[PDB]
file query-v9.pdb (PDB, C-alpha atoms (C1' of nucleotides))
ATOM      1  CA  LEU A 287       6.383  -7.606  21.268
ATOM      2  CA  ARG A 288       8.772  -9.171  23.782
ATOM      3  CA  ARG A 289       9.836 -12.179  21.699
ATOM      4  CA  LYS A 290      10.276 -10.004  18.612
ATOM      5  CA  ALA A 291      12.402  -7.735  20.805
ATOM      6  CA  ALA A 292      14.359 -10.664  22.256
ATOM      7  CA  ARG A 293      15.337 -11.910  18.797
ATOM      8  CA  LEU A 294      16.642  -8.465  17.824
ATOM      9  CA  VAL A 295      18.460  -8.026  21.134
ATOM     10  CA  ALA A 296      20.070 -11.455  20.780
ATOM     11  CA  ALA A 297      21.236 -10.656  17.246
ATOM     12  CA  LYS A 298      22.733  -7.316  18.269
ATOM     13  CA  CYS A 299      24.303  -8.917  21.354
ATOM     14  CA  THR A 300      25.923 -11.519  19.108
ATOM     15  CA  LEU A 301      27.279  -8.669  16.995
ATOM     16  CA  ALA A 302      28.602  -6.827  20.061
ATOM     17  CA  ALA A 303      30.169  -9.995  21.490
ATOM     18  CA  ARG A 304      31.925 -10.681  18.189
ATOM     19  CA  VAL A 305      33.100  -7.062  18.273
ATOM     20  CA  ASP A 306      34.430  -7.429  21.826
ATOM     21  CA  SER A 307      36.101 -10.827  21.308
ATOM     22  CA  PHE A 308      38.914  -9.045  19.426
ATOM     23  CA  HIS A 309      38.959  -6.115  21.895
ATOM     24  CA  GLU A 310      38.095  -3.548  19.227
ATOM     25  CA  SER A 311      35.930  -0.496  19.877
ATOM     26  CA  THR A 312      37.398  -0.185  23.357
ATOM     27  CA  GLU A 313      35.695   3.151  24.063
ATOM     28  CA  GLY A 314      32.293   1.729  23.112
ATOM     29  CA  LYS A 315      31.148   3.256  19.807
ATOM     30  CA  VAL A 316      29.888  -0.010  18.300
ATOM     31  CA  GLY A 317      27.828  -0.871  21.369
ATOM     32  CA  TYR A 318      26.296   2.601  21.448
ATOM     33  CA  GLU A 319      25.429   2.350  17.742
ATOM     34  CA  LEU A 320      23.807  -1.059  18.223
ATOM     35  CA  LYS A 321      21.865   0.178  21.257
ATOM     36  CA  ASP A 322      20.699   3.229  19.294
ATOM     37  CA  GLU A 323      19.534   0.943  16.480
ATOM     38  CA  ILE A 324      17.729  -1.322  18.957
ATOM     39  CA  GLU A 325      15.974   1.624  20.583
ATOM     40  CA  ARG A 326      14.969   3.068  17.208
ATOM     41  CA  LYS A 327      13.513  -0.270  16.091
ATOM     42  CA  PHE A 328      11.672  -0.496  19.425
ATOM     43  CA  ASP A 329      10.184   2.975  18.946
ATOM     44  CA  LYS A 330       9.169   2.025  15.401
ATOM     45  CA  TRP A 331       7.170  -0.939  16.725
ATOM     46  CA  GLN A 332       5.342   1.149  19.342
ATOM     47  CA  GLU A 333       4.875   4.093  16.978
ATOM     48  CA  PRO A 334       1.135   4.861  16.864
ATOM     49  CA  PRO A 335      -0.651   3.477  13.796
ATOM     50  CA  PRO A 336      -1.038   5.731  10.751
ATOM     51  CA  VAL A 337      -4.187   7.679   9.972
ATOM     52  CA  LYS A 338      -6.332   5.435   7.779
ATOM     53  CA  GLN A 339      -9.244   6.595   5.645
ATOM     54  CA  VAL A 340     -12.814   5.307   5.773
ATOM     55  CA  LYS A 341     -13.987   3.697   2.540
ATOM     56  CA  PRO A 342     -17.449   4.933   1.489
ATOM     57  CA  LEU A 343     -20.066   2.614   0.061
ATOM     58  CA  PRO A 344     -19.364   2.441  -3.684
ATOM     59  CA  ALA A 345     -22.740   3.060  -5.370
ATOM     60  CA  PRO A 346     -26.101   1.261  -5.458
ATOM     61  CA  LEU A 347     -25.869   0.143  -9.081
ATOM     62  CA  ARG A 351     -21.885  -3.563 -17.638
ATOM     63  CA  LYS A 352     -20.887  -6.836 -19.302
ATOM     64  CA  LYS A 353     -19.367  -9.968 -17.798
ATOM     65  CA  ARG A 354     -17.208 -12.679 -19.327
ATOM     66  CA  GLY A 355     -17.796 -16.414 -19.568
ATOM     67  CA  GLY A 356     -15.447 -19.381 -19.902
ATOM     68  CA  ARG A 357     -13.991 -22.308 -18.027
TER      69      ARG A 357
ATOM     70  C1'   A B   1      30.751 -37.807 -30.466
ATOM     71  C1'   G B   2      26.404 -38.714 -28.270
ATOM     72  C1'   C B   3      23.924 -39.013 -23.079
ATOM     73  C1'   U B   4      22.627 -36.007 -19.106
ATOM     74  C1'   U B   5      22.066 -31.922 -14.690
ATOM     75  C1'   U B   6      20.901 -26.971 -13.070
ATOM     76  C1'   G B   7      19.003 -22.054 -13.694
ATOM     77  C1'   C B   8      16.868 -18.614 -17.142
ATOM     78  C1'   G B   9      13.840 -17.091 -21.633
ATOM     79  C1'   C B  10      10.423 -18.225 -25.921
ATOM     80  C1'   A B  11       6.659 -21.452 -27.174
ATOM     81  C1'   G B  12       3.258 -25.865 -27.713
ATOM     82  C1'   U B  13       0.210 -29.749 -25.462
ATOM     83  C1'   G B  14      -2.452 -30.694 -21.045
ATOM     84  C1'   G B  15      -4.292 -30.812 -15.750
ATOM     85  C1'   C B  16      -5.789 -28.114 -11.393
ATOM     86  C1'   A B  17      -8.205 -23.529  -8.332
ATOM     87  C1'   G B  18     -11.229 -18.561  -8.627
ATOM     88  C1'   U B  19     -11.549 -16.761  -0.442
ATOM     89  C1'   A B  20      -7.174 -14.967  -4.412
ATOM     90  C1'   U B  21      -3.905 -12.352  -7.948
ATOM     91  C1'   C B  22      -1.024  -8.232  -8.485
ATOM     92  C1'   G B  23       1.310  -3.217  -6.974
ATOM     93  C1'   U B  24       4.679  -1.304  -3.082
ATOM     94  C1'   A B  25      10.193   6.698  -5.415
ATOM     95  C1'   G B  26       5.794   3.072   2.184
ATOM     96  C1'   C B  27       8.557   0.442   6.376
ATOM     97  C1'   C B  28      11.511  -3.554   8.201
ATOM     98  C1'   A B  29      14.799  -7.809   6.652
ATOM     99  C1'   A B  30      20.595 -12.982   6.179
ATOM    100  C1'   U B  31      24.625  -6.782  10.465
ATOM    101  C1'   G B  32      18.406 -12.021  10.390
ATOM    102  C1'   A B  33      11.894 -12.089   8.298
ATOM    103  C1'   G B  34       9.413 -15.340  11.037
ATOM    104  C1'   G B  35       9.206 -19.169  14.581
ATOM    105  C1'   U B  36       3.000 -23.800  17.183
ATOM    106  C1'   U B  37       5.908 -28.587  17.297
ATOM    107  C1'   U B  38      12.573 -30.775  16.713
ATOM    108  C1'   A B  39      14.645 -24.684  20.580
ATOM    109  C1'   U B  40      22.709 -24.396  22.703
ATOM    110  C1'   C B  41      17.032 -26.002  17.375
ATOM    111  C1'   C B  42      14.828 -24.445  12.339
ATOM    112  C1'   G B  43      15.742 -20.311   8.425
ATOM    113  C1'   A B  44      12.905 -15.760   4.359
ATOM    114  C1'   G B  45      10.293 -12.795   3.231
ATOM    115  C1'   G B  46       7.061 -10.050   6.638
ATOM    116  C1'   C B  47       3.924  -5.685   7.992
ATOM    117  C1'   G B  48       1.014  -1.578   6.666
ATOM    118  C1'   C B  49      -1.484   0.510   2.507
ATOM    119  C1'   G B  50      -3.878   0.058  -2.592
ATOM    120  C1'   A B  51      -6.699  -2.203  -7.070
ATOM    121  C1'   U B  52     -10.294  -6.104  -8.129
ATOM    122  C1'   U B  53     -15.956  -9.786 -11.504
ATOM    123  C1'   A B  54     -11.102 -12.577  -5.076
ATOM    124  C1'   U B  55      -6.075 -10.987 -11.965
ATOM    125  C1'   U B  56      -7.217  -8.581 -16.567
ATOM    126  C1'   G B  57      -8.653  -8.045 -21.636
ATOM    127  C1'   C B  58     -11.466  -8.769 -25.786
ATOM    128  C1'   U B  59     -15.689 -11.141 -29.112
ATOM    129  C1'   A B  60     -20.841 -11.969 -29.570
ATOM    130  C1'   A B  61     -26.375 -12.093 -27.938
ATOM    131  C1'   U B  62     -29.721  -8.682 -25.517
ATOM    132  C1'   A B  63     -32.994  -3.850 -37.197
ATOM    133  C1'   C B  64     -38.003  -0.696 -42.606
ATOM    134  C1'   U B  65     -41.939   2.188 -48.424
ATOM    135  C1'   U B  66     -36.515   7.210 -51.774
ATOM    136  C1'   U B  67     -38.400   7.942 -57.029
ATOM    137  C1'   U B  68     -42.440   8.463 -61.891
ATOM    138  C1'   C B  69     -46.690   9.793 -67.860
ATOM    139  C1'   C B  70     -50.910  11.276 -70.125
ATOM    140  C1'   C B  71     -58.284  13.072 -74.425
ATOM    141  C1'   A B  72     -60.302  14.697 -78.527
ATOM    142  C1'   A B  73     -63.101  16.228 -86.821
ATOM    143  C1'   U B  74     -63.124  12.680 -92.147
ATOM    144  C1'   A B  75     -66.364  21.014 -90.099
ATOM    145  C1'   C B  76     -71.096  26.462 -91.066
TER     146        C B  76
END

call {"tool": "encode", "arguments": {"input": "query-v9.pdb", "output": "structure tokens"}}
result
Amino acid sequence: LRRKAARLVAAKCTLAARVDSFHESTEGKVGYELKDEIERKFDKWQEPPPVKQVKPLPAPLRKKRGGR
RNA sequence: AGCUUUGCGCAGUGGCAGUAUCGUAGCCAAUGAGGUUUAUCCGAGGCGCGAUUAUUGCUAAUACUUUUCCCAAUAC
């Protein structure tokens, strides 16, 4: 997942650098929000897979079409 | 006043393929999906789940017997 993470980190770093180039969000709210988003998307990737049901065999046993 | 371009609908005439089509009050996505090549470069859907003849509807093929009429003198 490291390249998928690197793309996201690069995008959010571009956003933070554009934020900082005008010296706005001096205290650091935007960076904290972007880091929180990055961490949440990282946890989503590593979140354990959902519970998935087993499909039983249908039945051991009707008209059919015909054309081109 | 014709000619013509783009996108969207309604149709008609064809051709091609059934290992693919569709759904997504599930998740993520141009504040970036995905990146094997062309990476100080490209640029959209992707994942999971679900339905199924790997889209779905029709149409057709897989049979003859009920009834309802009857006998009689030109005679003790």

call {"tool": "axis_aligned_box", "arguments": {"input": "query-v9.pdb", "around": "segment 69-76 of chain B", "padding_each_side": "8 Å", "output": "lines of an AutoDock Vina configuration file"}}
result
center_x = -58.9
center_y = 18.1
center_z = -80.0
size_x = 40.4
size_y = 32.7
size_z = 40.3

call {"tool": "closest_residue", "arguments": {"input": "query-v9.pdb", "among": "B:41, B:27, B:22, B:70", "to": "chain A", "atoms": "only C-alpha atoms (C1' of nucleotides)"}}
result
B:27

call {"tool": "interface_residues", "arguments": {"input": "query-v9.pdb", "of": "chain A", "to": "chain B", "cutoff": "9 Å", "atoms": "all atoms listed in the file", "output": "number ranges by chain"}}
result
A: 293-294, 297-298, 301, 327, 335-336, 338, 353-354

call {"tool": "atom_distance", "arguments": {"input": "query-v9.pdb", "atom1": "atom CA of residue 290 of chain A", "atom2": "atom CA of residue 330 of chain A"}}
result
12.5 Å

call {"tool": "closest_residue", "arguments": {"input": "query-v9.pdb", "among": "B:72, B:11, B:60, B:54", "to": "residue 352 of chain A", "atoms": "all atoms listed in the file"}}
result
B:60

call {"tool": "atom_distance", "arguments": {"input": "query-v9.pdb", "atom1": "atom CA of residue 317 of chain A", "atom2": "atom CA of residue 296 of chain A"}}
result
13.1 Å

call {"tool": "closest_residue", "arguments": {"input": "query-v9.pdb", "among": "A:300, A:332, A:312, A:307", "to": "residue 287 of chain A", "atoms": "only C-alpha atoms"}}
result
A:332

call {"tool": "closest_residue", "arguments": {"input": "query-v9.pdb", "among": "A:313, A:320, A:339, A:328", "to": "residue 292 of chain A", "atoms": "all atoms listed in the file"}}
result
A:328

call {"tool": "atom_distance", "arguments": {"input": "query-v9.pdb", "atom1": "atom CA of residue 326 of chain A", "atom2": "atom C1' of residue 26 of chain B"}}
result
17.6 Å

call {"tool": "residues_around", "arguments": {"input": "query-v9.pdb", "residues": "residue 29 of chain B", "least_positions_apart": "3", "cutoff": "9 Å", "atoms": "only C-alpha atoms (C1' of nucleotides)", "output": "ChimeraX atom specification"}}
result
/B:32-33,44-46

call {"tool": "closest_residue", "arguments": {"input": "query-v9.pdb", "among": "A:318, A:357, A:345, A:291", "to": "residue 17 of chain B", "atoms": "all atoms listed in the file"}}
result
A:357

call {"tool": "closest_residue", "arguments": {"input": "query-v9.pdb", "among": "B:18, B:7, B:12, B:43", "to": "residue 30 of chain B", "atoms": "only C-alpha atoms (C1' of nucleotides)"}}
result
B:43
